[PDB]
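Asker: Below is the structure I would like to discuss, written out as structure tokens.
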Amino acid sequence: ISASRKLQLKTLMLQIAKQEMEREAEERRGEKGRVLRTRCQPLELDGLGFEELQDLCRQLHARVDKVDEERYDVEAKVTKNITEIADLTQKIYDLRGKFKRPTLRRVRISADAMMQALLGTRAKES
Amino acid sequence: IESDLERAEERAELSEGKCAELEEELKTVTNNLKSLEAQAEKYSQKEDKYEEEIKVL
Amino acid sequence: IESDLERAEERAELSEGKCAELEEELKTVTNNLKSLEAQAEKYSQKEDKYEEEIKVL
Amino acid sequence: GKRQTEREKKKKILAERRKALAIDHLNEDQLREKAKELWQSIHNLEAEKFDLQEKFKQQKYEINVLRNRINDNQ
Amino acid sequence: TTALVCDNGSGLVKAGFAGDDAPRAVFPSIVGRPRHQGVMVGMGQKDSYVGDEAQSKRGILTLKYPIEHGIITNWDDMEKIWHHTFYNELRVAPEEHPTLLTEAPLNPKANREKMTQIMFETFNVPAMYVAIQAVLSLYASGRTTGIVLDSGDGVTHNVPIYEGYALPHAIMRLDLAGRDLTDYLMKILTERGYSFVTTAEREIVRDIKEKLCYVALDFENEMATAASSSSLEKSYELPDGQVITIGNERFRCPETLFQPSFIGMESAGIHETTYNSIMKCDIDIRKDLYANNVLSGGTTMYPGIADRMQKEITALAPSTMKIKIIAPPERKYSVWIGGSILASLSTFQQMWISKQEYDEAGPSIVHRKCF
Amino acid sequence: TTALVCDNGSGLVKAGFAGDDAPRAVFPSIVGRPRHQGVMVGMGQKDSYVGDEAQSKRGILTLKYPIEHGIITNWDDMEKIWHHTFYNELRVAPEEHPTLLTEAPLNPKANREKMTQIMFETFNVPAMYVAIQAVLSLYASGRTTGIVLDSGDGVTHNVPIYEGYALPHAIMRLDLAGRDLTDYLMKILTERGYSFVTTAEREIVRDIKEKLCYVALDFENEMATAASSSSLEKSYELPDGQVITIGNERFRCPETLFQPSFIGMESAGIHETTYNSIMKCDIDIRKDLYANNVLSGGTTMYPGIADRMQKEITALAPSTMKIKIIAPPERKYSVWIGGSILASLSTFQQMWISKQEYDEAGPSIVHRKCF
Amino acid sequence: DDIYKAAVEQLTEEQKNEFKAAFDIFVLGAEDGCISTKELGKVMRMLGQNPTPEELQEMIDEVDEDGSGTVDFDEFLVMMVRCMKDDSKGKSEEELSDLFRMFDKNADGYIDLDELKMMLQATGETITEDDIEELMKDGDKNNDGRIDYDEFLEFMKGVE
Ligand SMILES: Nc1ncnc2c1ncn2[C@@H]1O[C@H](COP(=O)(O)OP(=O)(O)O)[C@@H](O)[C@H]1O
Ligand SMILES: Nc1ncnc2c1ncn2[C@@H]1O[C@H](COP(=O)(O)OP(=O)(O)O)[C@@H](O)[C@H]1O
Ligand SMILES: [Ca+2]
Ligand SMILES: [Ca+2]
Ligand SMILES: [Mg+2]
Ligand SMILES: [Mg+2]
């Protein structure tokens with residue numbers, strides 16, 4: 001009905017979508033904690049002499065280097081993906097830019113400034 | 001601009017009608033071609049048998 | 001009205017492109033039909049000749 | 001040339017990431033502390049890799065969206 | 001800070017800050033010294049009235065344009081015009097503002113180098129950039145292809161562009177423009193008895209041309225009609241009375257554009273140099289150039305030119321191609337609007353010729369990478 | 001997982017997943033850098049348009065094929081083409097898919113070794129296999145014998161096969177193909193006045209050749225008929241109008257296949273190199289090869305070639321043998337359909353060149369048992 | 001923009017009563033009783049500044065966009081908050097991309113009728129099927145049942 005009414009409705013829709021995205025982030029962080037506790041085999045460090053501790057630490061470093069390599073490869077892939085996303089965003093913008101340059105004129109005085117100039121200080125909202 | 005738009009839309013309608021007719025023709029000719037392909041295969045089998053009998057004779 | 005004209009133009013262009021493609025397809029398939037019909041006629045003649053050869057031999 | 005150089009650089013970077021693990025001069029308590037360090041490092045790598053998975057999936061989705069927008073442009 | 005989008009032009013200087021819709025100050029570019037003696041003492045008489053002030057005291061001045069055909073022939077007067085434009089019409093010191101001049105295609109190098117040297121030494125701007133007057137007019141239309149015919153007051157040039165790649169071998173620059181039409185109108189008015197000779201009366205003839213002349217759709221039919229009926233004779237009141245009646249001089253003055261043989265020029269009209277400029281382009285971008293022909297510049301404001309030109313090109317061009325002529329209502333300021341848009345871009349912000357660069361390579365920097 | 005059946009070809013790259021009927025993405029293999037200067041800023045102009053994108057902006061590009069005659073002459077451009085094919089036309093990362101390239105017979109070794117080295121190092125595929133372009137075309141016909149004439153766009157080769165045993169001493173590779181026919185057509189069009197020179201206009205001449213040219217059943221009779229009547233002159237509309245009329249250039253362009261003396265080549269036509277390829281085979285499999293002559297490749301799509309070739313071979317061959325020419329309607333994609341069938345086989349699943357094998361023997365693994 | 005209305009949110013239409021009183025202080029004597037704001041701004045200008053009625057046209061056009069021709073008090077509020085915009089564009093367009101991803105749980109890159117319908121149902125907004133189709137075509141500009149990122153931005157353009 002009213003333009004302000006539809007704008008308020010869109011604002012409420014934005015709030016709903018923001019809450020749903022916050023719910024998504026909460027799910028993401030919870031699953032992050034779950035998977036981090038699951039994948040990482042605990043520190044079973046009870047009643048061990050020196051030598052088995054050395055063996056365990058060496059195998060830990062080996063697996064650390066392995067997973068570092070895996071995460072490094074995934075990071076390279078993600079960098080490639082984001083570079084592609086940026087380049088194709090530029091491509092789409094080239095397909096959908098051009099005229100979209102902001103044709104804005106400074107002869108348009110801000111209403112608050114005009115109100116203050118004409119009325120001194122009795123334009124307190126604006 | 002309005003006159004040009006009207007003429008363009010009329011052209012588009014005519015082209016759509018032509019496309020429908022072409023689709024009909026294509027399907028009909030495709031069916032006929034399949035039938036004649038089967039006929040030619042029968043011809044080939046007949047020729048094979050005749051050739052074999054000629055060799056035997 | 002200018003936006004309307006642009007939409008009409010693009011619709012007409014797409015329709016004409018499809019029409020051209022259908023024309024090409026029909027041409028090809030009709031040529032195939034003609035060739036196969038000629039082959040079938042020759043095959044009937046060859047079959048009659050082969051039967052005559054069978055009888056005489 | 002460069003692809004072979006890419007492999008060489010990759011494996012050298014991984015080797016640099018391999019830290020000199022030395023515990024033979026440490027008491028077994030220090031050994032357990034080092035093991036805790038190694039497990040925490042592996043946990044960090046797991047978290048980083050999972051975040052990379054999530055962001056990679058996000059990037060794939062945005063790539064699909066870009067393809068759809070291109071289809072609209074076509 | 002904001003950039004100053006100046007546009008020297010030849011006949012009207014148009015300037016204003018980047019990012020607006022219309023130039024802030026538009027005024028003729030004439031500098032006129034007084035010519036009589038002067039007897040009143042203490043009247044405060046200056047030695048040179050520039051800009052719009054000399055269009056009000058033109059009765060006792062000798063106005064002389066400092067820009068003949070795109071090129072600048074009198075550097076002191078041009079410096080005076082720029083100084084006036086910066087200090088009195090915009091009131092912004094140039095020490096704190098980048099500038100974006102405009103220049104016609106195929107102009108002498110020395111003109112451009114002197115322009116940049118003046119802007120960097122006298123006015124001492126932070127950074128200035130020179131752009132071709134047709135690319136801006138293509139910016140303003142919001143296109144990215146098209147062949148633009150920018151018939152100014154000094155020189156008419158026709159730059160074809162495709163997909164952002166300008167075609168330097170297809171620029172056809174012709175020196176017939178509004179000034180020659182003013183002179184030809186002033187020359188054919190003498191056939192009825194009205195003689196305008198003084199350089200001040202050239203302004204009156206220019207006003208007559210602007211307010212009355214129009215381009216005929218078909219020339220011979222109009223010549224036949226104006227010679228039988230009297231439905232065309234429109235009258236006009238001089239600055240002192242004594243109304244005048246213009247007969248078939250109305251459509252004969254701007255017809256010179258399509259038949260430059262009237263003023264003795266050999267070349268072909270603006271209807272055929274566009275087709276020639278198109279035909280020099282490659283065979284695969286001719287359809288797009290045919291469909292996106294752009295008009296700009298002041299002189300293309302004659303009532304009825306966007307139809308005559310389309311009829312002529314349709315006669316010349318192959319029958320299948322569609323010929324469309326883009327004639328925006330804001331034709332006169334199209335170049336300046338495009339200049340504002342270009343100066344407002346973020347991608348363009350690193351193309352300015354910074355002052356330290358000029359200090360290292362001299363004025364010849366303009367021909368280098370920073371074009 | 002599924003295998004990627006790529007097929008480099010020369011003129012059209014055809015690719016798609018194994019197990020389908022038609023290639024998913026078919027696009028010309030051309031990489032064209034822009035050649036003009038470019039004045040619009042921020043237009044997003046790339047440095048090289050590849051594939052089907054450069055067939056729409058060809059008005060301001062300089063298209064150049066990266067594959068001349070089967071062999072690859074410009075490895076960087078070929079790598080660019082492959083990267084485009086994998087990432088934008090199929091959108092499947094190559095890290096998770098085997099690939100099955102195709103290669104003409106009798107090609108230089110270095111080409112094949114470089115191809116496998118690229119596929120294993122840059123794109124990092126799991127396993128790739130290279131197959132001869134004629135065996136696949138024999139797969140697609142569902143035969144197991146027959147002599148296949150695969151007249152592509154780069155090179156025409158004629159591989160005879162019997163009972164699955166290829167005859168390596170009877171392969172007759174001839175370098176006349178569609179590209180030379182395009183050049184010859186472009187050269188004989190000049191006899192009427194139409195001059196095509198630019199590398200972009202070669203595409204227009206190719207379109208003319210595809211849409212109008214046909215192979216004459218008898219050459220002299222057609223030359224006599226076209227010189228008296230005018231029932232052959234078919235017209236065609238250029239990309240800008242100005243229709244052209246092709247007379248006896250229609251059947252003279254593809255006649256070069258049967259008389260390579262037209263373009264100065266010494267060798268005999270495709271009608272006689274097939275008979276020579278047959279006669280090199282053993283005396284007991286000549287009847288089967290006569291009866292199962294297979295046509296493939298794009299250039300064998302001329303209307304009326306399957307009759308001219310049969311007439312010629314029947315003239316050459318002994319009178320008793322039956323000459324039959326298999327010309328499936330899906331001729332153009334025959335090689336790729338055969339490639340899909342071969343990649344979909346279970347028996348073939350252990351012939352791929354696994355990556356660990358390449359790591360142990362280097363790129364020279366392709367010439368070894370894994371052919 | 002939003003600050004002015006928010007600080008006047010607890011108050012009723014009497015803001016417009018004060019606006020009318022202030023106009024009567026300058027431009028008393030309205031004839032239409034309908035939308036006419038060029039006159040008051042022009043009278044403000046005539047006090048000595050540079051003439052510019054383009055601002056008057058902008059402000060008098062910012063009110064009527066619904067296409068029904070009406071200019072409500074709420075439309076006046078929209079015009080006032082839109083003549084100077086501070087917290088606009090729904091803040092971050094990255095958040096817009098996140099919300100579009102939330103819409104496309106199928107990750108297909110096209111928001112369908114089902115996606116928008118379920119999003120509205122989650123918001124639960126009661127909009128008529130006429131307005132439902134209106135908003136759809138606001139999103140689905142080409143009206144093909146699919147909405148890409150650009151169409152979603154168009155639909156949520158100026159939405160915060
Ligand atoms: N409304 C008009 N009708 C006809 N001619 C005009 C009109 N306005 C300007 N002109 C002509 O155009 C010239 C102004 O052209 P302009 O575009 O200002 O040149 P420049 O490119 O130097 O700025 C004037 O000299 C006048 O002769
Ligand atoms: N319908 C057709 N009629 C005539 N010639 C064609 C036709 N289609 C393609 N050609 C020719 O064949 C070539 C394409 O051959 P193709 O089989 O794609 O080569 P490749 O073996 O490299 O894939 C084109 O260059 C064209 O000259
Ligand atoms: Ca979706
Ligand atoms: Ca849509
Ligand atoms: Mg100009
Ligand atoms: Mg091939």
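Within each chain, counting starts at residue 1; across the structure tokens, chains are named A, B, ... in the order shown, with ligands numbered 1 upward in that order.
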Pick out the residues sitting within 7 Å of region 11-14 of chain A, and hand them over as a list in words; count only C-alpha atoms, and ignore anything fewer than 3 positions along from it in its own chain.
Answerer: residues 7, 8, 17 and 18 of chain A; 123, 159 and 160 of chain G
Asker: Each residue of chain F with at least one atom at most 10 Å from chain D should appear once, together with its nearest atom pair and the corresponding distance in Å (one decimal); atoms considered: only C-alpha atoms; ordering: chain, then increasing residue number; output as a tab-separated table.
Answerer:
residue	atom	partner	partner_atom	distance
F:88	CA	D:67	CA	9.2
F:91	CA	D:64	CA	9.6
F:117	CA	D:3	CA	9.9
F:118	CA	D:3	CA	8.8
F:120	CA	D:3	CA	9.7
F:121	CA	D:3	CA	5.9
F:122	CA	D:3	CA	6.0
F:123	CA	D:3	CA	9.6
F:124	CA	D:3	CA	9.8
Asker: Near chain A, which residues of chain D fall within 7 Å when you count only C-alpha atoms, and what do they look like as a PyMOL selection string?
Answerer: chain D and resi 14+17-18+23+28+31-32+35-36+38-39+41-43+45-49+52+56+59+63
Asker: Can you tell me, as a count of residues only, what residues are no more than 10 Å from residue 115 (chain G) when counting only C-alpha atoms, ignoring any on the same chain fewer than 2 positions away?
Answerer: 17
Asker: Could you tell me, as a CSV table (one decimal) with C-alpha atoms, in the first residue's frame, which residues of region 56-297 of chain E DSSP assigns to strand (DSSP E or B) when given the backbone?
Answerer:
chain,number,residue,atom,x,y,z
E,61,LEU,CA,34.7,46.4,-29.3
E,62,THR,CA,36.4,44.3,-32.0
E,63,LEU,CA,35.7,40.8,-30.9
E,64,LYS,CA,38.2,38.2,-32.1
E,67,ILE,CA,40.7,29.6,-31.6
E,72,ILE,CA,44.8,27.9,-31.1
E,99,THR,CA,41.8,19.6,-15.0
E,100,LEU,CA,40.6,17.6,-18.0
E,101,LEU,CA,40.9,19.6,-21.3
E,102,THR,CA,39.5,18.4,-24.6
E,103,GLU,CA,41.1,18.5,-28.0
E,127,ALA,CA,47.5,17.2,-12.8
E,128,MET,CA,45.9,17.6,-16.2
E,129,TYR,CA,44.7,15.2,-18.9
E,130,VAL,CA,43.8,15.8,-22.5
E,131,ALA,CA,41.0,13.7,-24.1
E,132,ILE,CA,39.7,13.5,-27.7
E,146,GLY,CA,29.1,3.6,-32.5
E,147,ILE,CA,30.5,6.2,-34.9
E,148,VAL,CA,30.1,9.7,-33.5
E,149,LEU,CA,29.9,12.8,-35.7
E,150,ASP,CA,30.8,15.8,-33.5
E,151,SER,CA,30.0,18.8,-35.7
E,156,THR,CA,33.6,18.6,-37.7
E,157,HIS,CA,35.3,15.2,-37.0
E,158,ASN,CA,33.9,11.7,-37.3
E,159,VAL,CA,35.5,9.1,-35.0
E,160,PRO,CA,34.4,5.5,-35.3
E,161,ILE,CA,34.7,3.3,-32.2
E,162,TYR,CA,33.9,-0.4,-31.7
E,165,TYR,CA,38.8,0.0,-29.5
E,166,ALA,CA,39.1,3.2,-31.5
E,172,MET,CA,37.7,11.7,-41.1
E,173,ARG,CA,38.2,15.3,-40.0
E,174,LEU,CA,36.6,18.1,-42.0
E,234,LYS,CA,9.9,34.3,-41.2
E,235,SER,CA,10.7,37.8,-39.8
E,236,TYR,CA,13.2,38.7,-37.1
E,237,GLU,CA,13.8,42.0,-35.2
E,238,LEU,CA,17.3,43.4,-35.2
E,241,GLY,CA,14.2,47.6,-34.9
E,242,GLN,CA,13.9,47.4,-38.7
E,243,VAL,CA,12.7,43.8,-38.9
E,244,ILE,CA,14.1,41.6,-41.7
E,245,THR,CA,12.4,38.8,-43.6
E,246,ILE,CA,14.4,35.6,-44.4
E,293,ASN,CA,25.4,6.4,-35.5
E,294,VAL,CA,25.7,9.2,-32.9
E,295,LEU,CA,25.3,12.9,-33.3
E,296,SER,CA,26.8,15.5,-31.0
Asker: On all C-alpha atoms matched in order, how well does chain C superpose onto chain B? Give the RMSD in Å.
Answerer: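 1.9 Å is the C-alpha RMSD between the two chains.
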Asker: With a distance threshold of 7 Å and counting only C-alpha atoms, extract the residues of chain B near chain C and express them as a ChimeraX atom specification.
Answerer: /B:1-2,5,8-9,11-12,15-16,18-19,22-23,26,29-30,33,36,40,43,47,50,54,57
Asker: Can I get the selection written as an mmCIF file, in the first residue's frame, with N, CA and C atoms?
Answerer:
data_model
loop_
_atom_site.group_PDB
_atom_site.id
_atom_site.type_symbol
_atom_site.label_atom_id
_atom_site.label_comp_id
_atom_site.auth_asym_id
_atom_site.auth_seq_id
_atom_site.Cartn_x
_atom_site.Cartn_y
_atom_site.Cartn_z
ATOM 1 N N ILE B 1 8.924 5.284 -32.877
ATOM 2 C CA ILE B 1 9.357 4.098 -32.143
ATOM 3 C C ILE B 1 8.206 3.116 -31.978
ATOM 4 N N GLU B 2 7.009 3.626 -31.676
ATOM 5 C CA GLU B 2 5.852 2.750 -31.503
ATOM 6 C C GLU B 2 5.535 1.991 -32.785
ATOM 7 N N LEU B 5 8.113 -0.753 -33.281
ATOM 8 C CA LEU B 5 7.889 -1.864 -32.364
ATOM 9 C C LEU B 5 6.763 -2.767 -32.848
ATOM 10 N N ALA B 8 7.992 -4.867 -35.747
ATOM 11 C CA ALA B 8 8.917 -5.908 -35.304
ATOM 12 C C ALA B 8 8.173 -7.082 -34.681
ATOM 13 N N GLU B 9 7.173 -6.799 -33.840
ATOM 14 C CA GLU B 9 6.430 -7.888 -33.215
ATOM 15 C C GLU B 9 5.669 -8.708 -34.255
ATOM 16 N N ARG B 11 6.586 -9.176 -37.359
ATOM 17 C CA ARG B 11 7.611 -10.000 -37.991
ATOM 18 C C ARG B 11 7.929 -11.230 -37.149
ATOM 19 N N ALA B 12 8.054 -11.044 -35.831
ATOM 20 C CA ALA B 12 8.366 -12.169 -34.951
ATOM 21 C C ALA B 12 7.268 -13.228 -34.996
ATOM 22 N N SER B 15 7.611 -15.217 -38.198
ATOM 23 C CA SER B 15 8.733 -16.146 -38.120
ATOM 24 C C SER B 15 8.398 -17.358 -37.263
ATOM 25 N N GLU B 16 7.660 -17.157 -36.167
ATOM 26 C CA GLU B 16 7.265 -18.294 -35.337
ATOM 27 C C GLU B 16 6.367 -19.257 -36.101
ATOM 28 N N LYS B 18 6.320 -19.754 -39.341
ATOM 29 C CA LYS B 18 7.189 -20.466 -40.275
ATOM 30 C C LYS B 18 7.971 -21.567 -39.573
ATOM 31 N N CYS B 19 8.473 -21.282 -38.365
ATOM 32 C CA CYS B 19 9.241 -22.287 -37.631
ATOM 33 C C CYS B 19 8.384 -23.507 -37.304
ATOM 34 N N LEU B 22 8.045 -25.605 -40.386
ATOM 35 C CA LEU B 22 9.292 -26.304 -40.663
ATOM 36 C C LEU B 22 9.469 -27.513 -39.752
ATOM 37 N N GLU B 23 9.101 -27.376 -38.474
ATOM 38 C CA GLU B 23 9.170 -28.519 -37.566
ATOM 39 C C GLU B 23 8.327 -29.678 -38.086
ATOM 40 N N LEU B 26 10.045 -31.347 -41.028
ATOM 41 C CA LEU B 26 11.222 -32.107 -40.621
ATOM 42 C C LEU B 26 10.829 -33.458 -40.044
ATOM 43 N N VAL B 29 9.578 -35.870 -42.875
ATOM 44 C CA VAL B 29 10.649 -36.382 -43.721
ATOM 45 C C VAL B 29 11.530 -37.355 -42.949
ATOM 46 N N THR B 30 11.735 -37.116 -41.650
ATOM 47 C CA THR B 30 12.526 -38.042 -40.845
ATOM 48 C C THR B 30 11.880 -39.422 -40.812
ATOM 49 N N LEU B 33 12.390 -41.151 -44.128
ATOM 50 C CA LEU B 33 13.763 -41.614 -44.280
ATOM 51 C C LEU B 33 14.005 -42.900 -43.506
ATOM 52 N N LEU B 36 12.486 -45.810 -45.469
ATOM 53 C CA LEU B 36 13.300 -46.204 -46.614
ATOM 54 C C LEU B 36 14.619 -46.848 -46.201
ATOM 55 N N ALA B 40 15.873 -50.433 -47.590
ATOM 56 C CA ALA B 40 17.195 -50.684 -48.154
ATOM 57 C C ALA B 40 17.903 -51.827 -47.445
ATOM 58 N N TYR B 43 16.607 -54.887 -48.957
ATOM 59 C CA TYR B 43 17.282 -55.035 -50.246
ATOM 60 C C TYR B 43 18.653 -55.684 -50.083
ATOM 61 N N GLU B 47 20.055 -59.240 -51.645
ATOM 62 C CA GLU B 47 21.236 -59.316 -52.496
ATOM 63 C C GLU B 47 22.244 -60.320 -51.950
ATOM 64 N N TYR B 50 21.045 -63.823 -52.816
ATOM 65 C CA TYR B 50 21.186 -64.091 -54.244
ATOM 66 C C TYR B 50 22.641 -64.329 -54.622
ATOM 67 N N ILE B 54 24.207 -67.686 -56.308
ATOM 68 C CA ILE B 54 24.945 -67.600 -57.567
ATOM 69 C C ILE B 54 26.286 -68.307 -57.442
ATOM 70 N N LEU B 57 25.764 -72.106 -57.509
ATOM 71 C CA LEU B 57 25.434 -72.607 -58.840
ATOM 72 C C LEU B 57 26.659 -72.609 -59.750
#
Asker: As a PDB file with N, CA, C and O atoms, in the first residue's frame, please: the residues near region 19-21 of chain G (cut-off 12 Å, only C-alpha atoms, same-chain neighbours under 5 positions excluded).
Answerer:
ATOM      1  N   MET A 115      17.825  23.665   5.558  1.00  0.00           N
ATOM      2  CA  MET A 115      16.961  23.980   6.690  1.00  0.00           C
ATOM      3  C   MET A 115      17.723  24.723   7.778  1.00  0.00           C
ATOM      4  O   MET A 115      17.219  25.700   8.344  1.00  0.00           O
ATOM      5  N   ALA A 123      16.304  23.351  13.205  1.00  0.00           N
ATOM      6  CA  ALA A 123      16.114  22.147  12.396  1.00  0.00           C
ATOM      7  C   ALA A 123      17.015  21.098  13.031  1.00  0.00           C
ATOM      8  O   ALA A 123      18.125  20.838  12.564  1.00  0.00           O
TER       9      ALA A 123
ATOM     10  N   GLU G  13       1.641  12.219  13.189  1.00  0.00           N
ATOM     11  CA  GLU G  13       1.680  13.053  11.993  1.00  0.00           C
ATOM     12  C   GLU G  13       1.874  14.535  12.286  1.00  0.00           C
ATOM     13  O   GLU G  13       2.008  15.314  11.338  1.00  0.00           O
ATOM     14  N   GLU G  14       1.889  14.938  13.559  1.00  0.00           N
ATOM     15  CA  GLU G  14       1.982  16.356  13.891  1.00  0.00           C
ATOM     16  C   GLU G  14       3.276  16.972  13.375  1.00  0.00           C
ATOM     17  O   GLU G  14       3.388  18.200  13.282  1.00  0.00           O
ATOM     18  N   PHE G  26       5.832  30.653   4.902  1.00  0.00           N
ATOM     19  CA  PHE G  26       6.411  31.095   3.640  1.00  0.00           C
ATOM     20  C   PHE G  26       5.430  31.014   2.482  1.00  0.00           C
ATOM     21  O   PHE G  26       5.230  32.009   1.776  1.00  0.00           O
ATOM     22  N   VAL G  27       4.806  29.858   2.269  1.00  0.00           N
ATOM     23  CA  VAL G  27       4.043  29.606   1.053  1.00  0.00           C
ATOM     24  C   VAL G  27       2.577  29.312   1.365  1.00  0.00           C
ATOM     25  O   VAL G  27       1.958  28.459   0.716  1.00  0.00           O
ATOM     26  N   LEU G  28       2.018  30.002   2.360  1.00  0.00           N
ATOM     27  CA  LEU G  28       0.610  29.825   2.692  1.00  0.00           C
ATOM     28  C   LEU G  28      -0.259  30.087   1.469  1.00  0.00           C
ATOM     29  O   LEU G  28      -0.046  31.052   0.730  1.00  0.00           O
ATOM     30  N   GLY G  29      -1.250  29.228   1.263  1.00  0.00           N
ATOM     31  CA  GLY G  29      -2.146  29.380   0.134  1.00  0.00           C
ATOM     32  C   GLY G  29      -2.057  28.265  -0.890  1.00  0.00           C
ATOM     33  O   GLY G  29      -2.108  28.523  -2.096  1.00  0.00           O
ATOM     34  N   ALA G  30      -1.905  27.025  -0.424  1.00  0.00           N
ATOM     35  CA  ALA G  30      -1.863  25.887  -1.332  1.00  0.00           C
ATOM     36  C   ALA G  30      -3.201  25.714  -2.041  1.00  0.00           C
ATOM     37  O   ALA G  30      -4.267  25.888  -1.445  1.00  0.00           O
ATOM     38  N   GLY G  33      -3.851  21.125  -2.607  1.00  0.00           N
ATOM     39  CA  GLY G  33      -3.862  20.280  -1.435  1.00  0.00           C
ATOM     40  C   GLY G  33      -3.147  18.965  -1.629  1.00  0.00           C
ATOM     41  O   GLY G  33      -3.044  18.186  -0.671  1.00  0.00           O
ATOM     42  N   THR G  37       5.715  20.492  -3.960  1.00  0.00           N
ATOM     43  CA  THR G  37       6.810  20.960  -3.126  1.00  0.00           C
ATOM     44  C   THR G  37       7.783  21.853  -3.877  1.00  0.00           C
ATOM     45  O   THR G  37       8.683  22.427  -3.256  1.00  0.00           O
ATOM     46  N   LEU G  40       7.452  25.759  -2.535  1.00  0.00           N
ATOM     47  CA  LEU G  40       8.071  26.163  -1.276  1.00  0.00           C
ATOM     48  C   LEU G  40       9.586  26.244  -1.406  1.00  0.00           C
ATOM     49  O   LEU G  40      10.208  27.197  -0.923  1.00  0.00           O
ATOM     50  N   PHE G  73       1.386  10.459   3.101  1.00  0.00           N
ATOM     51  CA  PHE G  73       2.303  10.950   4.122  1.00  0.00           C
ATOM     52  C   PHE G  73       3.507  10.032   4.252  1.00  0.00           C
ATOM     53  O   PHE G  73       4.639  10.508   4.376  1.00  0.00           O
ATOM     54  N   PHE G  76       5.762  10.910   1.654  1.00  0.00           N
ATOM     55  CA  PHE G  76       6.560  12.064   2.058  1.00  0.00           C
ATOM     56  C   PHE G  76       7.732  11.636   2.930  1.00  0.00           C
ATOM     57  O   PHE G  76       8.844  12.155   2.790  1.00  0.00           O
TER      58      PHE G  76
END
Asker: Compute the set of protein, DNA and RNA residues whose minimum atom distance to ligand 5 is at most 9 Å, using only C-alpha atoms and all ligand atoms, and state it as a ChimeraX atom specification.
Answerer: /E:7-12,102-104,133-134,137,150-156,296-298,332-336
Asker: Using only C-alpha atoms, determine which residues lie at most 7 Å from residue 139 (chain G), disregarding the query and same-chain residues fewer than 6 positions distant; provide the list as a list in words.
Answerer: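 Returned residues: residues 147, 151, 152, 154 and 155 of chain G.
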Asker: Contacts of region 194-206 of chain F at 7 Å or less, counting only C-alpha atoms, minus same-chain residues fewer than 5 places along, as a ChimeraX atom specification?
Answerer: /F:58-59,62-63,182,186,189
Asker: What are the residues of chain A lining chain E at 9 Å or less? Count only C-alpha atoms, and put the answer as a ChimeraX atom specification.
Answerer: /A:98-107
Asker: Just how far from atom 1 (Ca, counted along the ligand's line) of ligand 4 is CA of residue 62 (chain G), in Å to one decimal?
Answerer: 26.9 Å
Asker: Find the residues in chain D near chain G: any atom within 7 Å counts, using only C-alpha atoms. Write them as an NGL selection string.
Answerer: :D and (61 or 64-65 or 68-69)
Asker: Please list as a list in words every residue within 12 Å of residue 318 (chain E), counting only C-alpha atoms and excluding residues in the same chain fewer than 2 positions away.
Answerer: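 Once the adjacent positions are removed, what remains is residues 275, 279, 286, 287, 290, 312, 313, 314, 315, 316, 320, 321, 322 and 323 of chain E; 237, 238, 239, 240, 241, 242 and 243 of chain F.
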Asker: For the selection just defined, write its residues with C-alpha atoms to a file, as a compact mmCIF listing (two decimals), in the first residue's frame.
Answerer:
# COMPACT_ATOMS: atom_id res chain seq x y z
CA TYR E 275 29.59 6.53 -44.92
CA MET E 279 33.50 1.76 -45.16
CA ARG E 286 29.82 -2.23 -40.12
CA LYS E 287 26.36 -3.36 -38.99
CA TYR E 290 25.30 1.54 -38.97
CA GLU E 312 20.95 10.21 -47.05
CA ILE E 313 22.76 7.35 -45.34
CA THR E 314 19.89 4.97 -46.10
CA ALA E 315 20.24 5.98 -49.72
CA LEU E 316 23.98 5.24 -49.65
CA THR E 320 19.34 -4.62 -45.59
CA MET E 321 21.18 -2.81 -42.80
CA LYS E 322 19.17 -0.76 -40.34
CA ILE E 323 20.25 2.88 -40.08
CA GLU F 237 24.39 -12.14 -48.19
CA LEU F 238 27.59 -10.91 -46.57
CA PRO F 239 27.61 -9.85 -42.90
CA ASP F 240 26.80 -6.31 -44.05
CA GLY F 241 24.64 -6.58 -47.17
CA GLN F 242 26.01 -6.44 -50.73
CA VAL F 243 24.92 -9.93 -51.77
